[PDB]
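Colleague: coordinates for the following, if possible.
(chains A and B)
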Amino acid sequence: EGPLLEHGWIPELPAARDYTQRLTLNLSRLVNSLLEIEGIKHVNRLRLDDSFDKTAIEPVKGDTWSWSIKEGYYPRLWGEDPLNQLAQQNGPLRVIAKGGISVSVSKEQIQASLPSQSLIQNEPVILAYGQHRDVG
Amino acid sequence: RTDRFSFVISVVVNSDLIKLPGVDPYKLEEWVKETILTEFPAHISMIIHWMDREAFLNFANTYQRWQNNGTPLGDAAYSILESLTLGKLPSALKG
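Modeller: Residues are numbered from 1 along each chain as shown, chains lettered A, B, ... in the order given. Please find the structure below.
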């Protein structure tokens, strides 16, 4: 339907918000996307540790989950993600397993279990020839 | 001053299970009494006291000599009575 896409087809759009105004990010929808996975039974916390003040991200009127990033910026939630944040056991993400045992992981171990995407190229569609017959 | 001797089983545990990192011993203890709750009788009551490797091994010798004699009320039992809170009369064997 759309324009010619050499890589993949995009039948559904991500519905990107406009960048004329500042943008709220509502995370109350996140929990069931987080509750989905097999080993996860629930989540215990959802907050930010005072790293929003550099661009004055204000939480909107009453709800704890939403935050509004100021005009130009876009979220980068964990920059240089596993080695900087997730593996180091500083706790940006604290896993609690069997009451309290609270196990952790390194950087390279989760990349093997990470889904690796595939670069796909879309060749043009043609009808190949049949056998030429001497009707002449 | 409470009645302690009626229906109270004491389970002495190693503290090397808590020695593993990331334990949060309170959060582990919510799981430990979670499973063995079904294992105990309803009337039967459990307080636990967990200690280091060396005080466990001093208990581990005194329990077997207690059980090999056939549970006597002698000096082997009074050492176990000292090992808990409840206090014992050890004055006959002072040294």
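Colleague: state the helix or strand in which whatever residue of chain B ends up closest to chain A lies.
Modeller: Here chain B gets closest to chain A at one residue, residue B:27, 2.7 Å apart by Cβ to the nearest Cβ. For every residue, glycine as well, the C-beta is placed using N, CA and C. Applying DSSP states H and E as the criterion places residue B:27 in helix B:25-39.
Colleague: show me the contacts for the residue of chain B closest to chain A.
Modeller: Applying Cβ atoms under 8 Å, 6 or more residues apart in numbering or on different chains, we find residue B:27 in contact with A:96, A:99-100, A:102.
Colleague: near chain B, from those residues?
Modeller: Among the contacts of residue B:27, proximity to chain B is found for A:96, A:99-100, A:102 (Cβ under 8 Å from any Cβ of the partner chain).
Colleague: what ranges do the strands span in the chain?
Modeller: No chain in the question, so chain A it is. With strands called from DSSP state E, chain A shows them at A:23-25, A:67-69.
Colleague: wait, I meant chain B there
Modeller: Counting by DSSP E, the segments of chain B that form strands are B:8-14, B:45-51.
Colleague: save the ones you listed as JSON lines, and put in mean neighbour count and distance to chain A too.
Modeller: As requested, those are exported to JSON lines (neighbours: other Cβ atoms under 10 Å in any protein chain shown; distance: least, Cβ to the nearest Cβ, whole Å):
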{"stretch": "strand B:8-14", "mean neighbour count": "13", "distance to chain A": "15"}
{"stretch": "strand B:45-51", "mean neighbour count": "14", "distance to chain A": "15"}
